[PDB]
Each structure stands twice: as C-alpha cells, then as structure tokens.
Amino acid sequence: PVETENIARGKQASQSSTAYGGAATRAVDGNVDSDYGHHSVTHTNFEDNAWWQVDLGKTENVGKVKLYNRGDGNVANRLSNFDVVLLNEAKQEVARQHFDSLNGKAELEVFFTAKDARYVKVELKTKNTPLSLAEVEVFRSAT
Ligand SMILES: C[C@@H]1O[C@H](O)[C@@H](O)[C@H](O)[C@@H]1O
Ligand SMILES: [Ca+2]
Ligand code: NI
C-alpha cells in the first residue's frame, strides 16, 4: 500500500554518461512516453555498468519504484540484468533488487519494504550497453 504522489518528479537526476542528448532529467519529467524520438527517454553511452540516479532531496520512506522502459526501435532488452538500489543520505546501500528482464512488459513495479532512502539508482550489470529509461516514479510507503 503506497501513496499516490510521485516524489521523483522534478527531482535532481544524474547518470553515468549522456549520449544522443538523452538527458538524465527525462526520466523524472512527468512523461512516460517511451518513444525516444519524443524526447522523454534518457540514454547513456554504450559503456559497462551504466547507471542512472535520482536524488529525492531528503530521506523518504519508500515503498515503490516504477520503471518505464524505452519502447521504440526494438532495443527494449537493454533494460535487462540490472539492480534497483536504494541509498541513504550518506549514499550507503539500504536495499537492492536484481532483475533479469522486464519480459517484454513496458513497465516494472519494484516494491521495497518500508526503506528510508534519499537516492534511487538503476544500475545495469551488463557490458557495453546503454541505460535508457522513459521514466522512474517513486512513491512513499502508506503510513
Ligand atoms: C538513439 C538511438 O536509437 C536507435 O534506434 C538505436 O539503434 C541506437 O542504438 C540509439 O540507441
Ligand atoms: Ca520521461
Ligand atoms: Ni512520433
């Protein structure tokens, strides 16, 4: 049971690198449109262990992180073999979940057990592959 407010929206975002103009802030712009050509999907270099991060700006009790995959050009499978990580204000890991695949689905819902975190990170574990996210949404645990 989570709150409805997407607390990642408009927050400071960063990523390992930026390519094809795929600014990290596109994942927190309030637009889940997954077509790259519509300018709301991020893109890093083709590199090893690409990552993307949002800073929630303070410590929040997180219950759910929802990822929206890229949908055009059939390169959806680049979001595979990845971690979703929650960090504290000191940037130490407080939670981590591993996923093989989204299995063709446009989105993934990730449920955390009432974790107090300031940062949310997506980390690819794969070589020479870019990280592209249409959107990352984060919701507080319902109190
Ligand atoms: C933005 C570009 O989109 C194309 O469809 C891909 O083939 C390229 O690899 C790159 O990701
Ligand atoms: Ca977006
Ligand atoms: Ni179009």
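Looking at the entry header, you'll see X-ray crystallography listed as the method and 1.90 Å as the resolution.

Examining the pairing of strand β5 (residues 107–124)
One ladder, built from 13 bridges, connects strand β2 (residues 51–69) with β5; its direction is antiparallel. The residue bridging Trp51 from the neighbouring strand is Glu123, located in β5. Note: strand β3 (residues 82–87) against β5, six bridges, orientation antiparallel. Directly across from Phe82, in β5, lies its bridge partner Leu124.

A word on the packing of aromatic side chains
If you walk through the whole model with that rule in mind, you get one aromatic pair. Look at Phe82 and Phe99: their rings are 5.6 Å apart centre to centre, the planes differ by 35 degrees, and that puts the pair in the tilted class. Linking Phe82 in strand β3 with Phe99 in strand β4 (residues 93–99), this pair joins segments that are 17 residues apart in sequence. You can call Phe82 buried: its relative accessible area is 0%. A cation over a ring is seen here: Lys64 above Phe139, with NZ or CZ 5.5 Å from the ring centre. Over the face of the ring belonging to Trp51 we find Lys121, whose NZ or CZ atom lies 4.6 Å from the ring centre.

What to know about unusual backbone geometry
Not every positive phi belongs to a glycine, and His39 is a case in point at roughly 70 degrees. Residue placement: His39 occurs in the loop between β1 (12–15) and β2. Note on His39: relative accessible area 54%, which makes it exposed. Of note, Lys91 is a non-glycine position whose phi angle comes to about 65 degrees, a positive value. Relative to the assigned elements, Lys91 resides in the loop between β3 and β4.

Details of the UniProt feature "binding site: Ca(2+)" (unreviewed entry) in the chain
Here, UniProt's "binding site: Ca(2+)" (unreviewed entry) annotation points to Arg26, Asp29, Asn31, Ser40, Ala134 and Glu135. On the basis of their most widely separated C-alpha atoms, the annotated residues across 110 residues gather in one place, lying no more than 9.4 Å apart. You can see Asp29 is positioned in the loop between β1 and β2. Not counting residues within four places of it along the chain, the set of residues in contact with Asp29 comprises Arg9, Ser40 and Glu135. Polar contacts involving the side chain of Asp29 include one to the main-chain amide nitrogen of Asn31, which spans 3.2 Å. Along the chain, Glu135 falls in strand β6 (residues 133–140). When residues no more than four places from it in sequence are discounted, the contact partners of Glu135 are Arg26, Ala27, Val28, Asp29, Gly30, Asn31, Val32, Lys66, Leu67 and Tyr68.

Focus: the coordination of the calcium ion (ligand 2)
Bound to the calcium ion (ligand 2) are the protein donor atoms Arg26 (O), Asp29 (OD), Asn31 (O), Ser40 (O), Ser40 (OG), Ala134 (O) and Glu135 (OE), situated 2.2 to 2.5 Å from the metal. Given a relative accessible area of 33%, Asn31 falls into the partly exposed group. A residue is classified by how much of its surface remains accessible, and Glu135, at 0% relative accessible area, is buried.

Topic: the pattern of salt bridges
One pass over the structure, following the stated rule, counts 15 salt bridges. When the shortest N-O distance is used, the salt bridge between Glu109 and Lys64 registers 2.9 Å. In this pair, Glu109 is assigned in strand β5 and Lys64 in strand β2, connecting sequence segments 45 residues apart. Among the residues examined, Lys64 registers a relative accessible area of 13% and is labelled buried. Between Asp83 and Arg96 there is a salt bridge; the shortest N-O distance is 2.9 Å. Note that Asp83 is positioned in strand β3 and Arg96 in strand β4, a separation of 13 residues in sequence. The class for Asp83 is buried, based on a relative accessible area of 5%. Taking relative accessible area as the criterion, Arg96 reaches 37% and is therefore assigned partly exposed. Connected through salt bridges with shared partners, the residues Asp83, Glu93, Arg96, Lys121, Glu123 and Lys125 form a single ionic network.

Calculation criteria
- Residues numbered from 1 in each chain as written, not as in the entry; some residues may be left out.
- Chains lettered and ligands numbered in written order.
- Heavy atoms only, no water.
- Pairing = 2+ DSSP bridges.
- Helix = DSSP H or I, 4+ residues; strand = E, 2+ residues; numbered from the N terminus.
- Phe/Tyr/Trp six-rings, centres within 6.5 Å; stacked < 30°, edge-to-face > 60°.
- Buried < 20%, exposed > 50% of the residue type's maximum accessible area, 1.4 Å probe, protein only.
- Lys NZ or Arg CZ within 6 Å of the ring centre and 35° of its normal.
- UniProt positions renumbered as here; feature names shortened; annotations may be inferred.
- Contact = heavy atoms within 4.5 Å.
- Polar contact = N/O pair within 3.5 Å; in protein donor to acceptor, adjacent residues only side chain to side chain.
- Donors = N, O, S within 2.8 Å, 3.2 Å for Na, K, Ca; no water.
- Salt bridge = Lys/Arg side-chain N within 4 Å of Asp/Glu carboxyl O.

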